[PDB]
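Because the Cβ atoms are built from the backbone with ideal geometry, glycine has one as well, and the counts that use them run over all protein chains shown. None of the figures in this text is laboratory data; all of them are computed from the coordinates on show.
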Amino acid sequence: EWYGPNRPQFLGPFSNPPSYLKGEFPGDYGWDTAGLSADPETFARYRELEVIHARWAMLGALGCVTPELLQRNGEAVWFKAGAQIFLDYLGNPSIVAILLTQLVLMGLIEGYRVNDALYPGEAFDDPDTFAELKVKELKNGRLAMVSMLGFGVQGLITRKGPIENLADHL
Amino acid sequence: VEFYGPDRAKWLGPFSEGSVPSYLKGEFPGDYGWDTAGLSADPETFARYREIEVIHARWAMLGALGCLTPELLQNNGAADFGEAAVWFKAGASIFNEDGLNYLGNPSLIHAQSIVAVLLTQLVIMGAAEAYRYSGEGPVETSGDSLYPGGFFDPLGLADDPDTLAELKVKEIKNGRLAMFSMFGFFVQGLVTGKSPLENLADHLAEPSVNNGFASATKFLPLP
Amino acid sequence: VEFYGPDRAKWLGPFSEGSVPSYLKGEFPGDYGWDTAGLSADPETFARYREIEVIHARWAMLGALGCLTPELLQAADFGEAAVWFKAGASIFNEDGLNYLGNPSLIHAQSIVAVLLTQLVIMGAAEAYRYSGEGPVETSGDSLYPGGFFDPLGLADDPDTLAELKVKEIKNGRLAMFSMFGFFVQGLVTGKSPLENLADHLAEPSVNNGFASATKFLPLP
Amino acid sequence: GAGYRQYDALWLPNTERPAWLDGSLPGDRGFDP
Amino acid sequence: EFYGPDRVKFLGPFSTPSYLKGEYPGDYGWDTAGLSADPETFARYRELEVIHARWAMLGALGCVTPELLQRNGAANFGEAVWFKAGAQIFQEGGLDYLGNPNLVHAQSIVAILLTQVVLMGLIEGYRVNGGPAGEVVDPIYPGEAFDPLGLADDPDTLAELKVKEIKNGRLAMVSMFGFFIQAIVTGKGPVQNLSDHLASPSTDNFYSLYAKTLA
Ligand code: CHL
Ligand SMILES: CC1=C[C@H](O)CC(C)(C)[C@H]1/C=C/C(C)=C/C=C/C(C)=C/C=C/C=C(C)/C=C/C=C(C)/C=C/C1=C(C)C[C@H](O)CC1(C)C
Ligand SMILES: CC1=C[C@H](O)CC(C)(C)[C@H]1/C=C/C(C)=C/C=C/C(C)=C/C=C/C=C(C)/C=C/C=C(C)/C=C/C1=C(C)C[C@H](O)CC1(C)C
C-alpha cells in the first residue's frame with residue numbers, strides 16, 4: 001500500500017503529488033516542494049545519498065546510545081568520546097597511526113564500493129518482503145537522521161548527554 | 001519603464017546585456033534577469049522557486065510591520081510593553097508574572113501558558129497550509145494556486161489584467177525590500193543586540209561615529 | 001616530450017630555433033642543439049666529444065655517489081675521513097683504511113702497492129676499452145658495449161634503449177654539474193657539502209654564496 | 001617570432017580614434033575625451 | 001591525459017557521470033551529488049569555479065606576503081596578521097602601505113568603501129558586458145588585452161595552462177579554507193602556525209592543544 005496512487009503521503013488526505021514523484025521508488029511520499037529532484041539523474045544521486053545517510057545515521061545513533069546507557073547499567077558522553085585517547089576498550093587494558101590506518105582502510109572499501117550499486121546483496125546479506133524491508137530501512141533511516149539532528153542540537157545547547165536530558169524530563 | 005518583454009529593466013542597468021539567461025524572457029512579474037548560479041534551469045524548479053519567493057515575500061512583508069509597530073506605539077506613549085517592544089524579546093513576556101497581554105491591557109488576552117497558543121497555532125497552520133497545498137477548499141477561488149482571488153480579494157482590486165500585473169509587480173518588489181530589511185533586522189539584533197529604532201537613533205545622532213564599522217572588532221578570535 | 005627529430009626539446013626553449021646548428025640534426029641522445037662555438041662542426045671530432053662526454057658523465061655519477069654515500073653511513077665512524085676530499089690522507093694514518101669502521105677489511109697501509117695495482121688494472125681495462133675487442137664478448141659498439149656489462153637484458157628494445165640513453169646522458173650531465181659544484185664549494189668554503197646544505201637550511205638569507213665573496217679579495 | 005605577442009595602439013585597449021584626430025601627427029594616440 | 005575519455009579520474013584506479021565527457025579543463029570526474037546534471041548549470045558552475053579559483057589565489061598570496069615580510073624584518077606594518085589588518089584604519093595615523101607614512105596614508109573608511117564599490121562595480125560590469133579593456137567573447141578567457149605576453153597562443157599550450165590554472169586555484173581555495181578555520185580556531189597568523197609546528201612537530205599540532213577544547 002506504499003506504492004502507486006494509494007501510497008501514504010506526508011499530508012494525508014491532501015493529495016497533490018508532483019509529476020515526477022509517481023510512486024515508483026521506495027518511500028515515495030510525494031514531498032518535493034522546492035522541486036530539487038526534477039532531473040532524474042539528480043533524483044538518483046539524491047536517493048543514493050539519502051540511503052547512505054540513513055545507514056550512517058542508524059550506526060551513529062546506536063553508537064551514541066550505547067555508552068551512556070552501559071554506564072548507567074554498569075568520558076561516557078557521546079561527544080566527549082575522542083578526548084579519552086589523549087583509550088582502553090570497555091575500560092579493559094599515537095593519533096597518526098590510527099588516522100592513517102582508518103583513512104587507508106576506508107579509502108579501500110569505498111573505492112571497492114564505487115568500482116546494483118545501491119543494493120548489492122550477496123556477500124553483505126520473495127521480493128515482496130524484500131521491498132517491505134527496504135521501506136522499513138528507509139523509515140528507520142529517516143528516524144535516525146531526525147534523532148541525530150536532535151542529539152547534536154542538544155549537545156550544543158545543553159552540554160549534557162541526551163539520555164541525561166531524557167531522565168531530567170522524566 | 002516596462003517590466004515585461006525583451007526591453008524591460010534589468011539587474012545591472014547598462015551592463016546587463018550579456019548576463020540575462022535565455023530562460024528568463026520577462027514573462028513573470030518581478031523578473032530582472034538575475035540568474036548567475038543557474039539554480040532555475042528547469043521550468044519546474046523555476047515555478048517552485050517563484051512560489052517560494054512570493055510566499056517568503058508576503059511573510060516578511062507582514063513581519064516587518066509586526067516587528068516595528070509595537071515600538072512606534074510604545075514610543076508615542078499610546079501603550080506600555082516594558083521590554084517587549086523589540087522583536088527579539090517579545091517572546092519572553094509569556095514567562096512574566098503578569099504574562100502576555102495585547103496592547104499591554106490585562107483585559108485583552110492575559111495569556112500565561114505557551115502550550116495552548118502553540119497547539120492552536122499548530123492546528124491552524126496544519127489546516128491552512130495543507131489547504132493551500134491542496135489548491136481547493138470550502139472557499140471560492142479563481143483556480144490559481146498562487147493568486148486565488150475571489151474570496152481572497154474582498155475589494156476586488158485585481159480585476160483588470162494590466163492592473164493585476166502592476167499589482168503583482170508592486171507586491172513582489174515591496175516583498176523583496178521587506179526580506180532585505182528583515183535580514184538587516186536579524187543581523188543587526190545578532191551583532192549589536194539592540195532595538196532597530198535604537199540603532200536608527202544612534203546613527204542619526206553621530207552618523208560618522210555610530211555606524212556598522214564601529215562594531216568591527218566585536219567578533220575577534222582570541223589566543 | 002620528444003628527444004629525437006626536428007621537433008625535439010632544445011636548449012633555449014622558444015629562442016632555440018635561431019641558434020640550432022645545421023650539423024645538430026637530433027640523431028643522438030642528449031641532443032639539445034647547444035653548440036655556440038662550433039667545436040663539433042667536424043664529424044669525427046663530434047664522435048670523439050660524444051665519447052668523452054659519456055665517459056665523463058659516467059665517472060661523474062660514480063663520483064657523486066661515492067662522495068655522498070660515505071657521509072651518510074657515518075652506522076660507522078670515520079671522524080676526519082667523512083669528508084670526500086679529507087679522506088685522501090686517511091691511508092697515511094697508522095690505523096689502516098678501516099672500511100665501514102672495521103679495522104680488518106682491507107687494512108691499507110702503503111700507497112705504492114695500491115697505486116701500482118690500480119695503474120696496471122686500469123691500464124688493462126682502458127686499453128681493452130680503446131681496442132674494443134678481447135676476452136669479453138660485446139655488441140661491437142664502443143660507447144654502448146652490452147653483452148657482459150648488461151647482465152639483466154634491459155637494453156633489448158631499440159626504442160627503450162634510446163630512451164634509456166637519453167635518460168642516462170641527462171643524469172650524467174646533472175651529476176657533472178653537481179661534481180663541478182662540489183669542487184668549487186670545496187675550494188671556496190672548505191666544508192663538506194652536507195654541512196654546506198645544513199648551514200644553508202639554517203638561515204638561507206645570510207648563509208648563501210655571496211657571504212663568502214670578499215675572502216678572495218687581493219690585499220696590497 | 002617567440003617570447004611575445006605580435007599584437008595602431010590607442011590610449012585604451014578597445015576604443016576608436018576621434019574624427020578630428022586622423023593619426024598623422026607624431027604623438028597621435030587618439031586621446032581627446 | 002587530462003583530456004578525452006582516458007584522463008585521470010578523481011579516484012585513480014578505483015574509479016562516471018555521462019555529462020563529464022573529458023572536454024573542459026580540470027575534469028577529474030568528481031560529481032557524486034549530481035549538481036551539474038544540467039548543461040547550463042554546468043557552465044555557470046564552471047564559470048564560478050574559475051572566478052573563485054583566481055580570487056582565492058590572489059587572496060592566499062595577499063594573506064601570506066605581508067606577514068612573511070614583517071617576520072623577516074623587511075618591513076614594519078601596522079598589523080601584519082591578515083585578519084587583524086583591517087583594523088589599521090582605526091589606528092592613530094591611519095593605514096600606511098608597507099609602513100611608510102608617505103605611501104598611502106589612508107584615514108577614512110567611508111571613502112575607501114565608496115571608491116572600492118564604484119570601481120569594483122564598474123569593472124565587474126565591464127567584465128560581464130565589455131568595456132575599455134575589450135569586448136566579451138569568452139566569458140572567462142578573454143585574452144587579447146589580458147594576455148600581453150602571448151603565453152596562451154598555441155591551443156595545446158592554452159589547454160595545458162588552463163589545467164594548471166584550475167588545479168593551482170583549487171589548491172588555493174583549499175588553503176584559504178584552512179586559513180579561515182585556523183584563524184577561527186588558533187587565533188594567530190598562518191605563518192606563525194607554520195613556524196610553531198616546524199619548531200616542535202610532535203607536540204605542536206591541532207590535536208595536542210585544540211582537539212579536546214573544541215568540545
Ligand atoms: C550600473 C551600475 C549598476 C551596478 C554596478 C549594479 C549592481 C548590482 N545590482 Mg543593480 N546595478 C546597477 C544598476 C541598476 N540596478 C538596478 C536594479 C537592481 C535591483 C532591483 C537589484 C539589483 C541588485 C544588484 C546587485 C547584484 C549582485 C549582488 O548581489 O551584489 C554585488 C556584490 C558582491 C558580489 C560582493 C559584495 C561587495 C561589498 C562591497 C562587500 C564589502 C565587504 C564589507 C565592507 C566587509 C565584509 C566583512 C566579511 C566578514 C564578510 C549588485 C550590487 C540586486 C541586489 O543584489 O540587491 C541587494 C537587486 O535586487 N539591481 C537598476 C534599476 C533598473 C539599475 C539602473 O541602472
Ligand atoms: C525532504 C525534502 C524535500 C524538499 O523538496 C526540500 C527539503 C524540505 C529541504 C527536503 C528536506 C530535507 C531534510 C529535512 C533533510 C534532513 C537531513 C538530516 C537531518 C540528516 C541527518 C544525518 C545524520 C547523520 C548521517 C549522522 C551520522 C552520525 C554518525 C556517523 C555518528 C558517529 C559517531 C558515533 C558512532 C558515536 C561517537 O560518540 C561520535 C561519532 C564518532 C560522531
Ligand atoms: C536572486 C538569486 C540569483 C542567483 O542566481 C542565485 C542567488 C544569488 C542565490 C539568488 C539570490 C537569493 C537571495 C539574495 C535570497 C535572499 C533571501 C532572503 C534575504 C530572505 C528573507 C526572508 C525573510 C523572512 C521570510 C522573514 C520573516 C519574518 C517573520 C515571519 C517575523 C516574525 C515575527 C514577528 C512579526 C514579530 C515578532 O516579535 C517576532 C517574529 C515572531 C519573529
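Ranked by the mean number of other Cβ atoms within 10 Å per residue, highest first, peptides C:67-74, A:126-133, C:2-9, B:46-53 order as B:46-53, C:67-74, C:2-9, A:126-133.
Distances over 17 Å make up what percent of all Cα-Cα pairs in the stretch E:62-145? The partial results should precede the final answer.
Working: 2152 of 3486 pairs.
In whole percent, the long-distance tail amounts to 62.
Per-residue mean of foreign Cβ neighbours for A:64-70 is 0 (Cβ atoms of other chains, 10 Å radius). Pairs of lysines in chain E whose Cα atoms sit within less than 18 Å of one another amount to 6, provided the residues are eight or more positions apart or on different chains.
Kirkwood analysis of the Cα pair distances in the stretch A:82-157 returns a hydrodynamic radius of 16.9 Å. Using only alpha carbons, the stretch C:1-50 has a radius of gyration to Kirkwood radius ratio (Rg to Rh) of 0.94. Each listed q (0.12, 0.13, 0.14 Å⁻¹) maps to a log10 I(q)/I(0) for the stretch C:77-220, found by the Debye formula over equal Cα scatterers with no solvent: -0.91, -1.01, -1.07. In chain C, a dipole from Cβ-located charges (positive for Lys and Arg, negative for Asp and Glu) runs towards its positive end, and of C:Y130, C:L217, C:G26 it is C:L217 whose Cα lies farthest in that direction.
Taking every Cα-Cα distance in the stretch E:162-215 and sorting them into 10 Å bins starting at zero, the pair-distance distribution P(r) comes out as 22, 42, 25, 10, 1 percent. Simple spin-label estimate for A:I95 and D:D22 gives 7.9 nm between the two label positions (7 Å along the Cα-to-Cβ direction from each Cα).
Nothing charged except the Cβ atoms of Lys and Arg (+1) and of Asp and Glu (-1): what's the magnitude of the dipole of chain E about its Cα centre? Round to the nearest 20 debye. Before the final figure, lay out the partial values.
Numbers: 15 positive and 25 negative charges, 172 e Å.
Dipole size: approximately 820 debye.
The helix-based estimate of mean residue ellipticity at 222 nm for chain C, built from -39,500 (n - 2.57) per DSSP H run of four or more residues and divided by its residue count, is -15000 deg cm²/dmol to the nearest 500. Farthest toward the positive end of the dipole of the stretch B:69-136, out of B:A79, B:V117, B:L100, is the Cα of B:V117, where the dipole comes from beta carbon charges about the Cα centre. Check each of the GluC sites (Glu not before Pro) in the stretch B:114-201 and keep only those in coil by DSSP with at most 15 other C-beta atoms within 10 angstrom; list them in order. When the GluC sites (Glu not before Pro) of the stretch B:114-201 are filtered for loop state and at most 15 Cβ neighbours within 10 Å, B:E136, B:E140 remain.
Could you work out the mean projected area of the convex hull around the alpha carbons of the stretch E:1-128, in square nanometres to one decimal? Let's see the in-between values first.
On the way: hull surface 49.3 nm².
Mean projected area for the stretch E:1-128: 12.3 nm², to one decimal.
Give the residue list of GluC sites (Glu not before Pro) in the stretch E:63-104 that are DSSP loop and have at most 11 other beta-carbon atoms within 10 angstrom. Don't skip to the end; give the middle numbers.
On the way: sites: E:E67, E:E79, E:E92; in loops: E:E79, E:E92.
Qualifying residues, ordered by number: E:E92.
Each principal axis of the protein assembly as shown carries a Cα extent, and these read 123, 96, 66 Å when sorted largest first.
Inter-chain neighbour count for E:37-47: the average number of beta-carbon atoms from partner chains within 10 Å of each residue's beta-carbon is 5. When the P(r) is computed for the stretch B:1-143, the part past 19 Å accounts for 70% of the Cα-Cα pairs. In whole percents, the pair-distance distribution calculated for chain E from its alpha-carbon pairs, binned every 10 Å from zero, is 7, 21, 27, 27, 16, 3, 0. This model, with +1 at the C-beta of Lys and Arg and -1 at the C-beta of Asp and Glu, gives the protein assembly as shown a dipole about its Cα centre of some 2100 debye.
Using the 10 angstrom Cβ neighbour count as an exposure proxy, how do E:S15, C:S22 rank, fewest first? Spell out each step's value before the answer.
Working: E:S15 14, C:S22 6.
Listing E:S15, C:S22 from fewest to most nearby Cβ atoms yields C:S22, E:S15.
Straight Cα distances below 20 angstrom link B:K194 to the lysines B:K89, B:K218, with same-chain residues fewer than 8 positions distant left out.
So which chymotrypsin sites (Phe, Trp or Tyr not before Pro) in the stretch C:93-152 end up in coil per DSSP with only 10 or fewer other C-beta atoms within 10 Å?
Values: sites: C:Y99, C:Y128, C:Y130, C:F148, C:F149; in loops: C:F148, C:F149.
Within the stretch C:93-152, no chymotrypsin sites (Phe, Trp or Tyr not before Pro) qualify (loop, at most 10 other Cβ atoms within 10 Å).
Can you list the DSSP H helices in chain B whose Cα atoms extend at least 30 Å along the helix axis and whose mean Kyte-Doolittle hydropathy is 0.0 or higher? Could the numbers behind the result be given before it?
Values: long enough: B:43-75 (48 Å, 0.04); B:161-191 (45 Å, 0.42).
TM-like helix candidates: B:43-75, B:161-191.
Shielding of E:124-135 by partners, i.e. mean partner chain Cβ atoms within 10 Å per residue? Before the final figure, lay out each step's value.
Values: counts 2, 6, 2, 3, 7, 8, 4, 5, 5, 4, 3, 3.
Counting other chains' Cβ atoms within 10 Å and averaging over E:124-135 gives 4.
Over the C-alpha trace of chain A, radius of gyration and Dmax come out as 20.2, 59 angstrom. Built from the Cα atoms of the stretch C:154-210, the convex hull projects on average onto 5.4 nm², one quarter of its surface area.
Among E:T213, D:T15, the ranking by other beta carbons within 10 Å of each residue's beta carbon, starting with the fewest, stands as E:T213, D:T15. Put simply, when E:197-208, C:205-216 are sorted by average Cβ atoms within 10 angstrom per residue, most first, you get E:197-208, C:205-216.
Along the axis of the charge dipole computed for the stretch E:3-51 (Cβ charges of +1 for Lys and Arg, -1 for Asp and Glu, origin at the Cα centre), the listed residues E:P39, E:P13, E:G29 are led at the positive end by E:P13. Partners of C:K25 within straight-line reach, counting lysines whose Cα lies under 30 Å from its Cα and excluding those fewer than 8 residues away in the same chain: C:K10, C:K165, C:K167, C:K170.
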